[PDB]
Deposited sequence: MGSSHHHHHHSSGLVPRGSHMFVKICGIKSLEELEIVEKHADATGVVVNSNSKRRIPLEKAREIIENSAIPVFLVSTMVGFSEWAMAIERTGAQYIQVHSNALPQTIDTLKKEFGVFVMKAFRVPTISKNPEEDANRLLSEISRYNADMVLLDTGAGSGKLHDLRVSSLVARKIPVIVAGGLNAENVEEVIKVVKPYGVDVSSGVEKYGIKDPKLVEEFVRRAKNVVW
């Protein structure tokens, strides 16, 4: 129905919270991010999780990816970088990882239909198992989502998730800050977000 991923957890405690209701989670490594964690903490979250844990990074290099996967035992990766199609393809073959690749959508778009078609050719260049679209304008997202399964992310929360889902009609949604309080995932926000998203 509606895949819900809660991204950017930093502790086994946060894992337990998201594991209750979410379909997937993610740990940020080797990125300029407030959510970044050491490889040992990533390893702990991955080994203890009952749901897919995406290893999320802005790493570009085939070999830094390989080493991160080996060091963490990740079976799911989320690539937010210009890592080449060839790198993504080789990581899949060598490691059997499921690959989600992130693509930026415009904040504003002059012609939505053409921006969607442009991102779609950009997407067909990589051989990713899932597309994540990073978000104002939801029109481009709507039209990409109609052509291919996508997870949509960017500024989602309980107050806007239901509307975003109605417009975009994605395969799933991804949230981080929207379900947080003081930089820690909030059990009541998590439960509410997932419930509302699952209802549309």
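According to the record, no C-alpha positions are given for deposited positions 1-19, 155-161, 227-228, numbered from 1.
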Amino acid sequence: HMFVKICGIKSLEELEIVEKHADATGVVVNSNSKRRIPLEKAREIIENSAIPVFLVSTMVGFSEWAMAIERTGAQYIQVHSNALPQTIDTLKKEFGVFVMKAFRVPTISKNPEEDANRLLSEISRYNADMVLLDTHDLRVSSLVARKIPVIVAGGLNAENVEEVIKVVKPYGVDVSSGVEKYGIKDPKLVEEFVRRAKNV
From here on, numbers count along this sequence of modelled residues.
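In this entry, the higher average B-factor at the C-alpha atoms falls on 163-171, of the pair 56-64 and 163-171.
Higher mean CA temperature factor, per the PDB entry, when comparing 105-113 with 125-133: 105-113.
When all modelled residues of the chain are sorted by CA temperature factor, residue 45 is found within the lowest third.
Ranked against the other modelled residues of its chain, the C-alpha B-factor of residue 146 as given in the entry falls in the highest third. In this PDB entry, the Cα temperature factor of residue 158 sits in the top third of its chain's modelled residues, the highest group. Per the PDB record, residue ranking by Cα B-factor puts residue 34 in the middle third of the chain. Ranked against the other modelled residues of its chain, the C-alpha B-factor of residue 9 as given in the entry falls in the lowest third.
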